[PDB]
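Peer 1: Positions 30 to 212, 225 to 394 (the authors' numbering) are the ones given, in order, by the sequence shown.
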Amino acid sequence: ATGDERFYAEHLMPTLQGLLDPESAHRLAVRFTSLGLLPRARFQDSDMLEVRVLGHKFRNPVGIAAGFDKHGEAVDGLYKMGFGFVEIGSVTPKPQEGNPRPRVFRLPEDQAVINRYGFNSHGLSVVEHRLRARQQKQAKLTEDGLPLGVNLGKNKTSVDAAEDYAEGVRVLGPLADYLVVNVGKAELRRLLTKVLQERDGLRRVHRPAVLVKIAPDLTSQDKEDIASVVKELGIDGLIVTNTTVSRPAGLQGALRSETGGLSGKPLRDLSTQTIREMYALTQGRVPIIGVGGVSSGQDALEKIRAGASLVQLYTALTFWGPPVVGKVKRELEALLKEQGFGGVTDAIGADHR
Ligand SMILES: Cc1cc2nc3c(=O)[nH]c(=O)nc-3n(C[C@H](O)[C@H](O)[C@H](O)COP(=O)(O)O)c2cc1C
Ligand SMILES: Cc1cc(=O)oc2c1ccc1oc([C@@H](O)c3ccccc3)c(-c3ccccc3)c12
Ligand SMILES: O=C(O)c1cc(=O)[nH]c(=O)[nH]1
């Protein structure tokens, strides 16, 4: 542990939580990040942490999950924080406000958050122009092993969900290294067929990978159906998982019964187990980005061994601050060595073998 890590986790973040309501804290974090007002990320990525997947090189396997930079305002700051890849969004076709405030809640006793933002979004056009302003800068970053993902949502009032996602593919697909869609079976197949057709219609230099992001709350039937459709259609990857609408026994936070998705430590092993299941259902042939409750190297390695090629974190920033990124990377590198892995790649799915 560095001095910065301990200072942030033990002193600064608890103090700042006392001063800032959750959505204010989130907004101020985005602003600070976008301006580069960050502690030094002195951790230097080693070759051990490099991963090749989804048609790209990732300098390190620790990404920022969707929902932090919903509108593409802080991408460069997020790379400066040490993330190996950045996912923005969710972005909806038309701008929309989301749910009324308050809509974000901290459960500090649980190292958890509950949110019901409701896909607040500046909309595709605004984000398109924001990404266009730095498109060549991003091309260089991606070439250097720092890819960009875009998570596509749908508007609240949309009649045709597939058409909302198709619009996102057309508008932000050409600016992304990968796209994400959050998810009967025939209907899923029809939607993903439309998304992939739109993707395939982009010019080759502008053609992203397409991933499906799933919730931790799906039935066994749902998961078997998704695995089947993903393999049938050649979906490029899975993101496992979004937040949970479950409320695990043992939550202590006063706000535990707020409506919304639960993230952070109580989601962690639900997410890891869903990774394990999806890796098995897809025979290890479909790359998985593992996400949910990662706040340490052990957490990251458990997801990688369960089947994830990459991981993301988000909620841990609330409690550990920006130094958590270097913390997870340093700890992951140490554990890989301790467990006889040459690098991240050797550890992917190692539990299944
Ligand atoms: C405040 C907040 C907002 C989020 N918004 C989105 C979103 O817009 N799209 C999405 O796919 N996931 C969203 N997520 C889910 C995260 O991407 C991630 O899947 C989940 O929080 C689990 O990771 P974590 O425990 O490390 O936070 C959001 C999560 C939080 C906490
Ligand atoms: C969703 C959300 C809720 C929340 O209550 O706080 C959040 C939330 C989402 C992301 C967050 O990141 C930070 C922080 O680590 C940070 C990162 C980058 C720059 C500057 C600061 C806080 C943070 C900031 C201040 C006080 C408490 C927490 C935070
Ligand atoms: O905007 C939101 O409410 C949101 C979207 C999402 O995909 N996941 C989440 O937890 N919140």
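Using N, Cα and C, we set each Cβ at its ideal position, and we do this for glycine too.
Apply the 10 Å Cβ neighbour rule to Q262 and answer buried if 16 or more other Cβ atoms are within range, or exposed otherwise.
Peer 2: Of the other Cβ atoms in all chains shown, fewer than 16 fall within 10 Å of the Cβ of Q262; this residue is therefore exposed.
Peer 1: Does any heavy atom of ligand 1 sit closer than 7 Å to the C-beta of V91?
Peer 2: no
Peer 1: Does the Cβ of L354 lie closer than 7 Å to at least one heavy atom of ligand 2?
Peer 2: Ligand 2 never approaches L354 closely enough for any of its heavy atoms to be under 7 Å from the residue's Cβ.
Peer 1: Answer yes or no: the CB of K99 versus the heavy atoms of ligand 1, is any distance below 7 Å?
Peer 2: yes
Peer 1: Ligand 3 and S119: does the residue's C-beta get closer than 7 Å to at least one heavy atom of that ligand?
Peer 2: True, at least one ligand heavy atom lies under 7 Å from that Cβ.
Peer 1: Could you give the first and the last residue of the continuous alpha helix (DSSP H) run that contains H55?
Peer 2: Secondary structure note for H55: its alpha helix (DSSP H) is the uninterrupted segment 51 to 63.
Peer 1: Find the nearest neighbour of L170 within the set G106, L274, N184, judged by alpha-carbon distance.
Peer 2: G106
Peer 1: For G127, which of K185, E172, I117 has the nearest alpha-carbon?
Peer 2: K185
Peer 1: Using 10 angstroms around the beta-carbon of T44, count the other beta-carbons present and answer buried if the total reaches 16, otherwise exposed.
Peer 2: exposed
Peer 1: Hey, how far is the Cα of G152 from the Cα of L57?
Peer 2: 21 Å
Peer 1: Can you tell me whether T234 is helix, strand or coil according to DSSP?
Peer 2: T234: helix per DSSP, three-state reduction.
Peer 1: Following the continuous alpha helix (DSSP H) through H158, name the residue where it begins and the one where it ends.
Peer 2: 153 to 161 is the span of the alpha helix (DSSP H), which, as asked, contains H158.
Peer 1: For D387 and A347, which I take to be in contact (beta-carbon distance under 8 Å), what is that distance rounded to the nearest angstrom?
Peer 2: The pair is not a contact, with the Cβ atoms about 15 Å apart (cut-off 8 Å).
Peer 1: Decide if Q167 is buried, meaning its Cβ has at least 16 other Cβ atoms within 10 Å, or exposed.
Peer 2: buried
Peer 1: DSSP three-state call for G32: helix, strand or coil?
Peer 2: helix
Peer 1: Would you kindly report the start and end of the unbroken alpha helix (DSSP H) that includes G197?
Peer 2: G197 -> alpha helix (DSSP H) spans 190 to 201.
Peer 1: Throw me the rounded Cβ distance for the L373 and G338 pair, which I believe falls under 8 Å.
Peer 2: Right, the Cβ-Cβ distance comes to about 4 Å (below 8 Å), so this counts as a contact.
Peer 1: Look up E116 in the DSSP assignment and give the residues it is bridged to.
Peer 2: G178
Peer 1: Rounded to a whole number of angstroms, what is the C-alpha to C-alpha distance between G225 and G47?
Peer 2: Approximately 45 Å, taken between the alpha carbons.
Peer 1: Output the residue ranges of the alpha helix (DSSP H) runs that lie fully inside the region 266 to 336 and measure 4 residues or longer, sorted by chain position.
Peer 2: 309 to 322
Peer 1: Going by DSSP, what residue range makes up the beta strand (DSSP E) through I389?
Peer 2: First-last for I389: undefined, no H or E at that position.
Peer 1: Examine the Cβ distances between the region 307 to 321 and the region 192 to 210 and report whether three or more of them are shorter than 8 Å.
Peer 2: no
Peer 1: Compare the C-alpha of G182 against each of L237, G113, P122, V365 and name the closest.
Peer 2: Of the candidates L237, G113, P122, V365, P122 places its Cα closest to the Cα of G182.
Peer 1: Run the proximity test for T284: is its beta-carbon closer than 7 Å to any non-hydrogen atom belonging to ligand 1?
Peer 2: yes
Peer 1: Can you say whether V246 is buried or exposed, counting buried as having 16 or more other CB atoms within 10 angstroms of its CB?
Peer 2: exposed
Peer 1: Rounded to whole angstroms, what's the CA-CA distance from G301 to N144? Just pull it up for me.
Peer 2: 5 Å
Peer 1: Compute the beta-carbon to beta-carbon distance between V236 and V179, rounded to the nearest angstrom, for a pair I have assumed lies under 8 Å.
Peer 2: Their Cβ separation, rounded to whole angstroms, is 13 Å, which puts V236 and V179 out of contact at 8 Å.
Peer 1: Do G362 and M77 come within 8 Å of each other at the CB atom, strictly closer than that value?
Peer 2: no
Peer 1: Taking three-plus beta-carbon pairs below 8 Å as touching, is the region 341 to 359 in contact with the region 322 to 331?
Peer 2: yes
Peer 1: Measure the alpha-carbon distance for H100 versus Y320 and round it to whole angstroms.
Peer 2: 31 Å
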